[PDB]
Chemist: 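The structure follows.
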Amino acid sequence: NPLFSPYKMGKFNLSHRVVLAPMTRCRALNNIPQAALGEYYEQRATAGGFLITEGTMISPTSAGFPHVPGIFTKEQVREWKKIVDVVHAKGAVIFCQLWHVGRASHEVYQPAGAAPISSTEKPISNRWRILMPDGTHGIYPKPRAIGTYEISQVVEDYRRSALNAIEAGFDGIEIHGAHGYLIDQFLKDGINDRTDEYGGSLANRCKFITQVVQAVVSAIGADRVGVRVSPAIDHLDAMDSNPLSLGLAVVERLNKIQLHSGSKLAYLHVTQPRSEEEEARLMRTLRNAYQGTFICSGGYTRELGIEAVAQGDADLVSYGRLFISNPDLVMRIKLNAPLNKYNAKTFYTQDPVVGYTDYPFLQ
Ligand SMILES: Cc1cc2nc3c(=O)[nH]c(=O)nc-3n(C[C@H](O)[C@H](O)[C@H](O)COP(=O)(O)O)c2cc1C
(Lines give C-alpha, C1' and ligand atoms only; values in the text may rest on other atoms or scores of the structure.)
Protein backbone atom coordinates (compact mmCIF):
# COMPACT_ATOMS: atom_id res chain seq x y z
CA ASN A 1 0.00 0.00 0.00
CA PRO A 2 1.76 3.17 -1.20
CA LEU A 3 0.00 5.25 1.44
CA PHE A 4 2.23 3.52 4.00
CA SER A 5 5.52 4.04 2.39
CA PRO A 6 7.56 6.54 4.42
CA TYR A 7 8.03 10.04 3.08
CA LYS A 8 10.63 12.72 3.87
CA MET A 9 8.81 16.09 4.13
CA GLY A 10 12.01 18.09 4.23
CA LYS A 11 12.86 18.25 7.94
CA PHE A 12 10.05 15.83 8.85
CA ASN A 13 10.22 12.03 8.58
CA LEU A 14 6.67 10.81 7.96
CA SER A 15 5.79 7.14 8.35
CA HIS A 16 2.71 7.28 6.08
CA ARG A 17 0.99 9.62 3.67
CA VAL A 18 -2.48 10.02 5.23
CA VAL A 19 -2.82 13.65 6.33
CA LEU A 20 -5.48 15.29 8.52
CA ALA A 21 -6.89 18.11 6.39
CA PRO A 22 -7.47 21.45 8.19
CA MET A 23 -11.09 21.60 9.39
CA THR A 24 -12.97 24.36 11.18
CA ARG A 25 -15.09 22.78 13.94
CA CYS A 26 -16.02 25.77 16.16
CA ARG A 27 -15.24 24.18 19.54
CA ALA A 28 -12.61 26.79 20.49
CA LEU A 29 -14.97 28.81 22.66
CA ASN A 30 -14.28 32.59 22.66
CA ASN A 31 -11.41 31.91 20.22
CA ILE A 32 -9.40 30.11 22.94
CA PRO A 33 -8.28 26.51 22.26
CA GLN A 34 -10.10 24.22 24.68
CA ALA A 35 -9.38 20.82 26.23
CA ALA A 36 -11.81 19.29 23.72
CA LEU A 37 -9.44 20.21 20.89
CA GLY A 38 -6.68 18.32 22.68
CA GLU A 39 -8.84 15.19 22.88
CA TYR A 40 -9.85 15.55 19.23
CA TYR A 41 -6.35 15.95 17.78
CA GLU A 42 -4.86 13.31 20.08
CA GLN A 43 -7.52 10.83 18.88
CA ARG A 44 -6.42 11.37 15.25
CA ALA A 45 -2.66 11.62 15.80
CA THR A 46 -0.45 8.67 14.80
CA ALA A 47 3.28 7.97 15.08
CA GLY A 48 4.93 9.64 12.10
CA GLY A 49 1.60 11.02 10.85
CA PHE A 50 1.07 14.61 9.71
CA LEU A 51 -1.81 16.74 11.07
CA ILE A 52 -2.95 20.23 10.07
CA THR A 53 -5.13 22.17 12.50
CA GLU A 54 -8.36 23.97 11.84
CA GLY A 55 -7.96 27.47 10.43
CA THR A 56 -6.62 29.70 13.21
CA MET A 57 -7.02 33.48 13.46
CA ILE A 58 -4.02 35.74 12.98
CA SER A 59 -5.69 38.91 14.29
CA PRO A 60 -8.93 40.17 15.89
CA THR A 61 -10.37 40.91 12.42
CA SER A 62 -9.59 37.61 10.76
CA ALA A 63 -12.59 35.42 11.79
CA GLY A 64 -15.81 34.62 9.91
CA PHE A 65 -16.95 31.58 11.96
CA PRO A 66 -17.95 31.30 15.63
CA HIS A 67 -15.54 29.97 18.25
CA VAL A 68 -12.56 29.36 15.97
CA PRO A 69 -9.18 29.45 17.74
CA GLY A 70 -6.69 32.25 17.43
CA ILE A 71 -2.94 32.31 17.87
CA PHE A 72 -2.47 36.08 18.24
CA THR A 73 -2.70 36.30 22.06
CA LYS A 74 -0.44 34.91 24.78
CA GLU A 75 -3.44 33.09 26.29
CA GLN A 76 -4.09 31.33 22.98
CA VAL A 77 -0.42 30.31 22.72
CA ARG A 78 -0.47 28.79 26.22
CA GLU A 79 -3.61 26.78 25.48
CA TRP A 80 -2.31 25.63 22.08
CA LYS A 81 0.86 24.33 23.77
CA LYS A 82 -1.19 21.80 25.75
CA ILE A 83 -2.71 20.46 22.53
CA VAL A 84 0.58 20.28 20.64
CA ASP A 85 2.08 18.40 23.59
CA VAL A 86 -0.50 15.60 23.51
CA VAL A 87 -0.11 15.31 19.72
CA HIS A 88 3.68 15.14 19.98
CA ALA A 89 3.29 12.52 22.72
CA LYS A 90 1.85 10.29 20.00
CA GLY A 91 4.78 10.97 17.65
CA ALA A 92 2.77 13.03 15.16
CA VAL A 93 3.88 16.17 13.29
CA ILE A 94 1.44 19.08 13.46
CA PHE A 95 1.14 22.39 11.56
CA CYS A 96 -1.10 25.30 12.53
CA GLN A 97 -3.18 26.70 9.65
CA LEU A 98 -3.12 30.53 9.67
CA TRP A 99 -6.48 31.80 8.40
CA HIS A 100 -7.84 35.25 7.53
CA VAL A 101 -11.34 35.25 6.03
CA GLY A 102 -11.25 38.73 4.52
CA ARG A 103 -14.70 39.71 3.28
CA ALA A 104 -16.17 36.33 4.28
CA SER A 105 -17.21 37.69 7.67
CA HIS A 106 -19.99 39.65 9.40
CA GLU A 107 -20.31 42.54 11.85
CA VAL A 108 -21.02 39.99 14.61
CA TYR A 109 -17.48 38.58 14.13
CA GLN A 110 -15.67 41.92 13.87
CA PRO A 111 -14.35 44.14 16.67
CA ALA A 112 -16.70 47.08 17.26
CA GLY A 113 -18.95 45.61 14.55
CA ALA A 114 -16.69 47.08 11.87
CA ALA A 115 -16.78 46.07 8.22
CA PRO A 116 -14.59 43.10 7.21
CA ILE A 117 -11.49 43.87 5.14
CA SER A 118 -10.76 42.73 1.59
CA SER A 119 -8.99 43.44 -1.67
CA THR A 120 -12.30 44.84 -2.87
CA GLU A 121 -15.31 46.82 -1.67
CA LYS A 122 -17.78 44.32 -3.18
CA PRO A 123 -19.70 41.93 -1.05
CA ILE A 124 -20.00 38.23 -1.55
CA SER A 125 -23.31 37.82 -3.38
CA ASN A 126 -26.43 36.53 -1.67
CA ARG A 127 -25.89 33.21 -3.46
CA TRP A 128 -23.89 32.52 -0.28
CA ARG A 129 -24.82 32.87 3.40
CA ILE A 130 -22.66 33.00 6.52
CA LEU A 131 -23.11 30.77 9.56
CA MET A 132 -24.12 33.00 12.54
CA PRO A 133 -23.25 32.26 16.18
CA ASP A 134 -26.86 31.23 16.85
CA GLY A 135 -26.82 28.63 14.07
CA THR A 136 -28.86 30.65 11.58
CA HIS A 137 -27.48 31.92 8.28
CA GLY A 138 -26.89 35.60 7.65
CA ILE A 139 -25.90 37.97 4.87
CA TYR A 140 -22.29 38.76 3.98
CA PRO A 141 -21.80 42.55 4.27
CA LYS A 142 -19.94 45.01 2.08
CA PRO A 143 -16.21 44.85 2.96
CA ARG A 144 -13.68 47.67 3.16
CA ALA A 145 -10.89 47.65 0.58
CA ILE A 146 -7.53 48.06 2.29
CA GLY A 147 -4.57 50.15 1.19
CA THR A 148 -0.97 49.01 0.89
CA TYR A 149 0.02 50.11 4.42
CA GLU A 150 -2.81 47.98 5.79
CA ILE A 151 -1.82 45.09 3.51
CA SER A 152 1.68 45.28 4.99
CA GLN A 153 0.18 45.13 8.50
CA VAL A 154 -1.86 42.01 7.65
CA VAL A 155 1.38 40.45 6.39
CA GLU A 156 2.90 41.35 9.76
CA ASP A 157 -0.02 39.57 11.48
CA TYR A 158 0.84 36.41 9.54
CA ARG A 159 4.49 36.83 10.54
CA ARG A 160 3.70 37.31 14.24
CA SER A 161 1.24 34.42 14.26
CA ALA A 162 3.84 32.14 12.66
CA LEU A 163 6.29 33.04 15.43
CA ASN A 164 3.55 32.42 18.01
CA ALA A 165 2.84 29.02 16.48
CA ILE A 166 6.50 28.08 16.90
CA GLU A 167 6.40 29.30 20.50
CA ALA A 168 3.41 27.01 21.14
CA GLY A 169 5.52 24.13 19.83
CA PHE A 170 3.95 23.59 16.40
CA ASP A 171 6.28 22.02 13.87
CA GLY A 172 5.21 24.61 11.31
CA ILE A 173 2.36 26.60 9.82
CA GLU A 174 0.17 26.39 6.73
CA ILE A 175 -0.87 29.56 4.88
CA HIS A 176 -4.59 29.31 4.08
CA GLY A 177 -4.64 30.83 0.62
CA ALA A 178 -7.70 28.96 -0.62
CA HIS A 179 -11.50 28.90 -0.80
CA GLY A 180 -12.32 32.57 -1.42
CA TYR A 181 -10.86 33.88 1.86
CA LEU A 182 -8.53 36.91 2.14
CA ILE A 183 -5.57 35.70 0.08
CA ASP A 184 -7.84 34.23 -2.58
CA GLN A 185 -9.70 37.58 -2.74
CA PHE A 186 -6.42 39.04 -4.01
CA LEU A 187 -5.57 36.09 -6.28
CA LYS A 188 -8.83 35.64 -8.16
CA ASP A 189 -9.64 38.05 -10.96
CA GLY A 190 -13.33 37.43 -10.25
CA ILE A 191 -12.84 39.28 -6.93
CA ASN A 192 -9.76 41.50 -7.20
CA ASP A 193 -10.95 44.65 -9.02
CA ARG A 194 -8.07 46.83 -7.77
CA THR A 195 -6.25 49.34 -9.96
CA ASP A 196 -3.15 49.78 -7.77
CA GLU A 197 -0.04 47.58 -7.60
CA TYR A 198 -2.01 44.67 -6.10
CA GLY A 199 -4.57 44.43 -8.90
CA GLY A 200 -4.89 43.89 -12.62
CA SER A 201 -2.13 41.71 -13.95
CA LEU A 202 -1.52 38.15 -12.83
CA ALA A 203 1.78 39.30 -11.29
CA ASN A 204 -0.01 42.05 -9.36
CA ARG A 205 -2.67 39.63 -8.10
CA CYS A 206 0.02 37.24 -6.83
CA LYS A 207 1.85 39.95 -4.86
CA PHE A 208 -0.12 39.51 -1.63
CA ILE A 209 0.40 35.74 -1.30
CA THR A 210 4.05 36.19 -2.28
CA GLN A 211 4.59 38.77 0.48
CA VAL A 212 2.76 36.61 3.05
CA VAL A 213 4.89 33.56 2.23
CA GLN A 214 8.11 35.61 2.15
CA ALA A 215 7.32 37.05 5.58
CA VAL A 216 6.64 33.74 7.31
CA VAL A 217 9.59 32.11 5.50
CA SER A 218 11.85 34.85 6.82
CA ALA A 219 10.47 34.46 10.36
CA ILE A 220 10.47 30.67 10.86
CA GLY A 221 12.23 29.18 7.81
CA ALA A 222 10.82 27.72 4.59
CA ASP A 223 10.97 24.13 5.84
CA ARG A 224 8.33 25.01 8.47
CA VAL A 225 5.92 26.66 5.97
CA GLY A 226 3.22 24.98 3.91
CA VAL A 227 0.95 26.84 1.44
CA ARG A 228 -2.63 25.89 0.56
CA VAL A 229 -4.38 27.20 -2.58
CA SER A 230 -7.44 26.29 -4.66
CA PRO A 231 -7.30 27.95 -8.10
CA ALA A 232 -10.18 25.84 -9.47
CA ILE A 233 -12.61 26.17 -6.53
CA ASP A 234 -15.17 29.00 -6.92
CA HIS A 235 -16.34 29.15 -3.25
CA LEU A 236 -17.81 32.52 -2.13
CA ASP A 237 -17.73 33.94 -5.68
CA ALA A 238 -14.00 33.25 -6.02
CA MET A 239 -13.69 32.47 -9.72
CA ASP A 240 -10.76 33.18 -12.00
CA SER A 241 -10.89 33.52 -15.76
CA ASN A 242 -7.88 31.17 -16.18
CA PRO A 243 -7.54 28.89 -13.13
CA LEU A 244 -4.61 26.89 -14.52
CA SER A 245 -2.61 30.01 -15.40
CA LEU A 246 -3.36 31.45 -11.96
CA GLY A 247 -2.18 28.26 -10.28
CA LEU A 248 0.98 28.12 -12.39
CA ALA A 249 1.69 31.77 -11.55
CA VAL A 250 1.47 31.01 -7.82
CA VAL A 251 3.65 27.91 -8.28
CA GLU A 252 6.31 29.89 -10.15
CA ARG A 253 6.49 32.40 -7.31
CA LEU A 254 6.77 29.62 -4.72
CA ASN A 255 9.65 28.09 -6.72
CA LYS A 256 11.36 31.49 -6.85
CA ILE A 257 10.97 32.09 -3.11
CA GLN A 258 12.60 28.70 -2.48
CA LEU A 259 15.50 29.42 -4.81
CA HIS A 260 16.06 32.88 -3.33
CA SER A 261 15.87 31.71 0.29
CA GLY A 262 17.94 28.60 -0.42
CA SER A 263 15.39 26.24 1.15
CA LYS A 264 12.29 24.33 0.11
CA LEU A 265 8.85 24.92 1.61
CA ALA A 266 7.38 22.06 3.61
CA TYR A 267 4.79 21.53 0.86
CA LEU A 268 2.22 22.89 -1.54
CA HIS A 269 -1.34 21.81 -0.68
CA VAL A 270 -4.04 22.06 -3.36
CA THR A 271 -7.73 21.27 -2.98
CA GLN A 272 -9.64 20.30 -6.07
CA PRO A 273 -13.36 20.40 -6.81
CA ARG A 274 -15.14 17.14 -7.53
CA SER A 275 -14.53 17.26 -16.08
CA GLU A 276 -13.16 14.62 -13.69
CA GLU A 277 -10.32 13.95 -16.14
CA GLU A 278 -9.86 17.70 -16.72
CA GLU A 279 -9.74 18.40 -12.97
CA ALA A 280 -7.18 15.62 -12.48
CA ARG A 281 -5.07 16.99 -15.34
CA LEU A 282 -5.04 20.47 -13.82
CA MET A 283 -3.92 19.10 -10.43
CA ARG A 284 -1.15 17.07 -12.08
CA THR A 285 -0.08 20.14 -14.06
CA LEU A 286 0.36 22.14 -10.85
CA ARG A 287 2.17 19.23 -9.19
CA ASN A 288 4.60 18.83 -12.10
CA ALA A 289 5.26 22.56 -12.03
CA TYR A 290 6.10 22.76 -8.32
CA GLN A 291 9.64 22.05 -7.02
CA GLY A 292 8.73 20.14 -3.88
CA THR A 293 6.19 18.13 -1.90
CA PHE A 294 2.59 18.10 -3.14
CA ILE A 295 -0.45 17.41 -0.94
CA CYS A 296 -3.69 16.72 -2.78
CA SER A 297 -7.11 17.16 -1.18
CA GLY A 298 -10.80 17.07 -1.96
CA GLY A 299 -13.10 14.07 -2.10
CA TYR A 300 -10.36 11.51 -1.59
CA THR A 301 -11.11 7.93 -0.55
CA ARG A 302 -8.83 5.04 0.30
CA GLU A 303 -8.87 3.95 -3.34
CA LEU A 304 -8.34 7.43 -4.80
CA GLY A 305 -5.59 8.16 -2.28
CA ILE A 306 -3.75 4.95 -3.12
CA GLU A 307 -3.99 5.78 -6.83
CA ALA A 308 -2.77 9.37 -6.35
CA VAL A 309 0.42 8.22 -4.63
CA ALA A 310 0.92 5.17 -6.88
CA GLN A 311 0.57 7.25 -10.08
CA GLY A 312 2.87 10.02 -8.82
CA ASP A 313 0.03 12.56 -8.76
CA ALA A 314 0.79 13.55 -5.15
CA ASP A 315 3.19 12.80 -2.34
CA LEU A 316 0.66 13.10 0.50
CA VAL A 317 -3.15 12.89 0.58
CA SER A 318 -5.23 14.87 3.07
CA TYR A 319 -8.64 13.71 4.26
CA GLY A 320 -11.27 15.97 5.80
CA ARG A 321 -14.74 14.56 6.39
CA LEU A 322 -13.64 10.93 6.72
CA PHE A 323 -11.28 12.04 9.51
CA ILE A 324 -14.19 13.71 11.32
CA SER A 325 -16.00 10.39 11.75
CA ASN A 326 -13.02 7.99 11.85
CA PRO A 327 -10.55 9.07 14.53
CA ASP A 328 -8.45 6.03 13.54
CA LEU A 329 -8.73 6.73 9.80
CA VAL A 330 -5.06 5.89 9.27
CA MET A 331 -5.46 2.44 10.86
CA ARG A 332 -8.70 1.81 8.98
CA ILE A 333 -7.02 2.65 5.68
CA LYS A 334 -4.10 0.38 6.61
CA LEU A 335 -6.38 -2.56 7.43
CA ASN A 336 -8.94 -1.75 4.69
CA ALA A 337 -11.51 -1.68 7.48
CA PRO A 338 -14.96 -0.20 6.77
CA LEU A 339 -15.24 3.53 7.40
CA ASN A 340 -17.95 5.15 9.48
CA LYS A 341 -20.31 7.83 8.20
CA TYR A 342 -20.05 11.49 9.25
CA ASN A 343 -22.85 13.77 10.52
CA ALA A 344 -22.72 17.22 8.93
CA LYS A 345 -25.18 18.62 11.49
CA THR A 346 -22.40 18.56 14.11
CA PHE A 347 -19.55 19.82 11.92
CA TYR A 348 -19.82 23.36 13.38
CA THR A 349 -21.65 23.01 16.71
CA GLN A 350 -20.08 23.92 20.05
CA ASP A 351 -20.52 20.70 22.02
CA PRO A 352 -17.10 19.48 23.28
CA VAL A 353 -18.10 15.81 22.79
CA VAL A 354 -21.13 15.26 20.54
CA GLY A 355 -20.07 14.85 16.91
CA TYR A 356 -16.51 15.79 17.84
CA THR A 357 -14.84 13.21 20.06
CA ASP A 358 -17.56 10.55 20.38
CA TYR A 359 -17.04 8.89 17.01
CA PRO A 360 -15.81 5.40 17.98
CA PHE A 361 -12.56 3.67 17.19
CA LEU A 362 -12.48 0.25 15.56
CA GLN A 363 -13.79 -2.32 18.04
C1 LIG B 1 -16.42 20.98 8.37
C2 LIG B 1 -15.25 21.39 7.52
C3 LIG B 1 -14.40 22.41 7.91
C4 LIG B 1 -13.33 22.76 7.09
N5 LIG B 1 -12.48 23.78 7.50
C6 LIG B 1 -11.39 24.12 6.73
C7 LIG B 1 -10.50 25.10 7.17
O8 LIG B 1 -10.65 25.66 8.26
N9 LIG B 1 -9.44 25.41 6.35
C10 LIG B 1 -9.25 24.79 5.13
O11 LIG B 1 -8.29 25.07 4.42
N12 LIG B 1 -10.12 23.82 4.71
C13 LIG B 1 -11.18 23.49 5.51
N14 LIG B 1 -12.04 22.51 5.08
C15 LIG B 1 -11.75 21.82 3.77
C16 LIG B 1 -10.95 20.57 4.13
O17 LIG B 1 -9.65 20.95 4.55
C18 LIG B 1 -10.72 19.64 2.95
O19 LIG B 1 -10.15 20.33 1.87
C20 LIG B 1 -11.95 18.93 2.45
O21 LIG B 1 -12.82 18.58 3.51
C22 LIG B 1 -11.33 17.69 1.84
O23 LIG B 1 -12.32 16.97 1.22
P24 LIG B 1 -12.86 15.66 1.95
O25 LIG B 1 -13.73 16.16 3.09
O26 LIG B 1 -13.72 14.94 0.94
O27 LIG B 1 -11.69 14.80 2.42
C28 LIG B 1 -13.10 22.12 5.89
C29 LIG B 1 -13.96 21.12 5.49
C30 LIG B 1 -15.04 20.76 6.29
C31 LIG B 1 -15.98 19.68 5.84
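The basis for the numbers below is simple: all heavy atoms, side chains too, and nothing from hydrogens, waters or symmetry mates. Residue numbers count from 1 along this sequence.
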Chemist: Could you walk me through whether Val217 and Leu265 satisfy the side chain to side chain contact (heavy atoms under 4.5 Å, CB included) test, starting with their C-alpha distance in whole Å, then the side-chain angles of each, then the deciding distance to 0.1 Å, before giving a yes or no?
Modeler: CA-CA 8 Å; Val217 162; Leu265 297 163; 3.8 Å; yes
Chemist: Side chains of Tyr7 and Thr293: donor-acceptor distance under 3.5 Å anywhere?
Modeler: yes
Chemist: Does the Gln76 side chain pair with the main chain of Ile71, one donor and one acceptor, at a distance under 3.5 Å?
Modeler: yes
Chemist: Would you say the side-chain atoms of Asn204 pair up with the backbone N or O of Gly200, donor to acceptor, closer than 3.5 Å?
Modeler: no
Chemist: Roughly how far, to the nearest 0.5 Å, is the CG atom of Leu259 from the CG atom of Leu254?
Modeler: 11.0 Å
Chemist: Report yes or no: is the cationic atom of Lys207 (NZ for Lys, CZ for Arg) under 6.0 Å from the centre of the six-membered ring of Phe186, at an angle within 45° of the ring normal?
Modeler: no
Chemist: Does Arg224 count as lying over the ring of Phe12, i.e. NZ or CZ under 6.0 Å from the six-ring centre, within 45 degrees of the axis?
Modeler: no
Chemist: If the condition is side chain to side chain contact (heavy atoms under 4.5 Å, CB included), which residues does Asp351 pass it with, not counting sequence neighbours?
Modeler: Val353, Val354
Chemist: For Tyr356, run the side chain to side chain contact (heavy atoms under 4.5 Å, CB included) check against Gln43, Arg25, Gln350 and tell me which one passes.
Modeler: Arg25
Chemist: Testing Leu236, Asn192, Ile191 for side chain to side chain contact (heavy atoms under 4.5 Å, CB included) with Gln185, which one passes?
Modeler: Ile191
Chemist: Run the salt bridge (charged side-chain N to carboxylate O under 4.0 Å, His left out) test against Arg194 and tell me which residues pass, sequence neighbours left out.
Modeler: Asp196
Chemist: So, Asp240 and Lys188, do they make that salt bridge, N to O below 4.0 Å?
Modeler: no
Chemist: Taking atom types as modelled, is there a side-chain donor on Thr61 or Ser59 under 3.5 Å from an acceptor on the other?
Modeler: yes
Chemist: For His235 and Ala238, work out which heavy atoms get closest and say how close.
Modeler: O-CB, 3.1 Å
Chemist: Ignoring hydrogens and angles, tell me if any N or O in the side chain of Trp80 forms a donor-acceptor pair with the backbone of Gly70 under 3.5 Å.
Modeler: yes
Chemist: What heavy-atom pair brings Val155 and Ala215 nearest, and what distance separates the two atoms?
Modeler: CG1-CB, 3.5 Å
Chemist: Quick one, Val330 with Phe323, criterion side chain to side chain contact (heavy atoms under 4.5 Å, CB included). Give me CA distance, side-chain angles, the key distance, then yes/no.
Modeler: CA-CA 9 Å; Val330 182; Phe323 241 133; 3.9 Å; yes
Chemist: Quick one: closest heavy-atom pair of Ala21 and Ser297, and the distance?
Modeler: CB-OG, 4.4 Å
Chemist: Using 4.0 Å as the upper bound for N to carboxylate O, is an ion pair formed by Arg144 and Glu150?
Modeler: yes
Chemist: Does the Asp171 side chain pair with the main chain of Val93, one donor and one acceptor, at a distance under 3.5 Å?
Modeler: no
Chemist: Of the non-hydrogen atoms in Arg287 and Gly292, which two are nearest, and what is the gap between them?
Modeler: NH1-O, 3.9 Å
Chemist: Restricting to pairs with a member in residues 47-57, which pass side-chain hydrogen bond (donor to acceptor under 3.5 Å, both in side chains), not counting sequence neighbours?
Modeler: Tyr41-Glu54
Chemist: Aromatic rings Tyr348 and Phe65: how do their planes relate, parallel, tilted or perpendicular, breaks at 30° and 60°?
Modeler: tilted
Chemist: With sequence neighbours left out, write down each residue that passes side-chain hydrogen bond (donor to acceptor under 3.5 Å, both in side chains) with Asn31, or none if nothing qualifies.
Modeler: none
Chemist: Quick one: closest heavy-atom pair of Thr301 and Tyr319, and the distance?
Modeler: O-OH, 2.7 Å
Chemist: Compute whether any side-chain donor of one residue and acceptor of the other, for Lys334 and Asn1, lie under 3.5 angstrom apart.
Modeler: no
Chemist: Do side-chain atoms of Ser325 reach the backbone of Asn340 as a donor and acceptor pair under 3.5 angstrom?
Modeler: yes
Chemist: Hey, does the side chain of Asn242 reach the backbone of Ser245 with a donor-acceptor pair shorter than 3.5 angstrom?
Modeler: yes
Chemist: Can you check ring-ring contact (aromatic ring centres under 6.0 Å, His included) on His100 and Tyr181, steps first, answer last?
Modeler: CA-CA 7 Å; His100 195 310; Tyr181 294 116; 9.7 Å; no
Chemist: Is a donor from one side chain sitting under 3.5 angstrom from an acceptor on the other, for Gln211 and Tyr198?
Modeler: yes
Chemist: Taking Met132's backbone N and O only, do any of them form a donor-acceptor pair with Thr136's side chain (distance below 3.5 Å, no angle check)?
Modeler: no
Chemist: With sequence neighbours excluded, tell me which residues meet salt bridge (charged side-chain N to carboxylate O under 4.0 Å, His left out) with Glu121.
Modeler: none
Chemist: Would you tell me whether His137 and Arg129 have side-chain atoms, one donor and one acceptor, within less than 3.5 Å of each other?
Modeler: no
Chemist: Mind checking whether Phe347 and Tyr342 have parallel, tilted or perpendicular rings, split at 30° and 60°?
Modeler: tilted
Chemist: When you check the side-chain N and O atoms of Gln258 and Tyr290, is any donor under 3.5 Å from an acceptor?
Modeler: yes
Chemist: Given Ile233 and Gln272, is the side chain to side chain contact (heavy atoms under 4.5 Å, CB included) satisfied, shown in steps?
Modeler: CA-CA 7 Å; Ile233 290 188; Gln272 61 176 95; 5.9 Å; no
Chemist: Under a 3.5 Å distance rule, please check whether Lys90 uses its side chain to pair with a backbone N or O of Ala45 as donor and acceptor.
Modeler: yes
Chemist: State whether a side-chain donor-acceptor pair under 3.5 Å links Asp223 with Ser263.
Modeler: no
Chemist: Would you check if the side chain of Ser218 reaches a backbone N or O of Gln214 as a donor-acceptor pair within less than 3.5 Å?
Modeler: no
Chemist: Within the distance-only criterion (no hydrogens, no angle test), does the side chain of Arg17 pair as donor or acceptor with the backbone N or O of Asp315 below 3.5 angstrom?
Modeler: yes
Chemist: Check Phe72 against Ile58 and note the closest heavy-atom contact, atom names and distance.
Modeler: CB-O, 3.6 Å
Chemist: When hydrophobic residues are tied together by side-chain contacts of less than 4.5 Å, even through go-betweens, does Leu29 share a cluster with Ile32?
Modeler: no
Chemist: Answer yes or no: does atom NZ of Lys81 have more than 12 heavy-atom neighbours from other residues, nucleotides or ligands under 6.0 Å?
Modeler: yes
Chemist: Considering residues at least two apart in sequence or located in another chain, which fulfil the salt bridge (charged side-chain N to carboxylate O under 4.0 Å, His left out) criterion with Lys122?
Modeler: none
